[PDB]
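Everything on this sheet refers to the single structure shown next.
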Number of protein chains: 2
Amino acid sequence: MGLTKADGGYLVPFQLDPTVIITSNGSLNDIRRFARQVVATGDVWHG
Amino acid sequence: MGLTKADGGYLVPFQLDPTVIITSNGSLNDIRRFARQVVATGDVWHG
C-alpha cells in the first residue's frame, strides 16, 4: 500500500501554482527614447 | 471601399508640416570669440 495510483495513491491532493511562466525572450529597444514622435491624421505625413 | 484613390481614398485630407528642415552641414568656426574686432568706416583700416 504505497504511492502507486491504485494502491491508495488517489488520496494525495493535487498541488498546482496558478501563476504562468513566460518563456519568451522579448526584445528591448530604446529608439523610442531618442526618436521623434509626431501624431498623424490620415494615411501619410508630409514635410 | 478602402484607401485606394479610386475607391474612396480621395476624401482623406492631405496634410503637411510647413516648417523647413535644413539638410546642410553648416560650419561652426570659433575664431570670432578670440580675434580682435574693430569697426571700420572707410575702405582700408590702417595702424
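Naming works like this for the C-alpha cells: A, B, ... for the chains as they're shown, residue 1 at the start of each chain, ligands 1 onward in shown order.
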
Residues of chain B that have any atom at most 7 Å from an atom of chain A: could you tabulate them with the shortest-distance atom pair and the distance in Å to one decimal, using only C-alpha atoms, ordered by chain and increasing number, as CSV?
residue,atom,partner,partner_atom,distance
B:12,CA,A:42,CA,6.2
B:13,CA,A:42,CA,6.9
B:15,CA,A:45,CA,6.2
B:16,CA,A:46,CA,4.8
B:17,CA,A:47,CA,4.8
B:18,CA,A:47,CA,6.6

Serialized selection, C-alpha atoms, as a CSV table (one decimal), in the first residue's frame:
chain,number,residue,atom,x,y,z
B,12,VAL,CA,-8.5,61.8,-46.8
B,13,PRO,CA,-7.2,65.3,-46.0
B,15,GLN,CA,-1.5,67.1,-44.5
B,16,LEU,CA,1.8,69.0,-44.5
B,17,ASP,CA,4.3,70.3,-41.9
B,18,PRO,CA,5.2,73.8,-43.0

Got a sec to tell me which of chain A DSSP assigns to helix (DSSP H, G or I), as number ranges by chain?
-> A: 9-11, 31-34

Write a file of the just-selected residues containing N, CA, C and O atoms, as a CSV table (one decimal), in the first residue's frame.
chain,number,residue,atom,x,y,z
A,9,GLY,N,-3.0,5.8,-3.8
A,9,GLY,CA,-2.4,7.0,-4.3
A,9,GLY,C,-3.4,8.0,-4.7
A,9,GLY,O,-3.1,9.2,-4.9
A,10,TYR,N,-4.7,7.7,-4.9
A,10,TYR,CA,-5.8,8.6,-5.2
A,10,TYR,C,-6.0,9.6,-4.0
A,10,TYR,O,-6.8,10.5,-4.2
A,11,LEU,N,-5.5,9.3,-2.8
A,11,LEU,CA,-5.8,10.1,-1.7
A,11,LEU,C,-4.9,11.3,-1.6
A,11,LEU,O,-5.2,12.2,-0.7
A,31,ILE,N,15.0,53.0,-29.0
A,31,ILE,CA,14.8,54.0,-30.1
A,31,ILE,C,13.7,55.0,-29.7
A,31,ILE,O,13.9,56.2,-30.0
A,32,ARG,N,12.7,54.5,-29.2
A,32,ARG,CA,11.6,55.4,-28.8
A,32,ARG,C,12.0,56.5,-27.8
A,32,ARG,O,11.3,57.5,-27.7
A,33,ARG,N,13.1,56.3,-27.0
A,33,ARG,CA,13.5,57.3,-26.1
A,33,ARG,C,14.2,58.4,-26.8
A,33,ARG,O,14.2,59.6,-26.3
A,34,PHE,N,14.9,58.1,-27.9
A,34,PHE,CA,15.7,59.2,-28.6
A,34,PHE,C,15.0,59.7,-29.8
A,34,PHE,O,15.4,60.8,-30.3
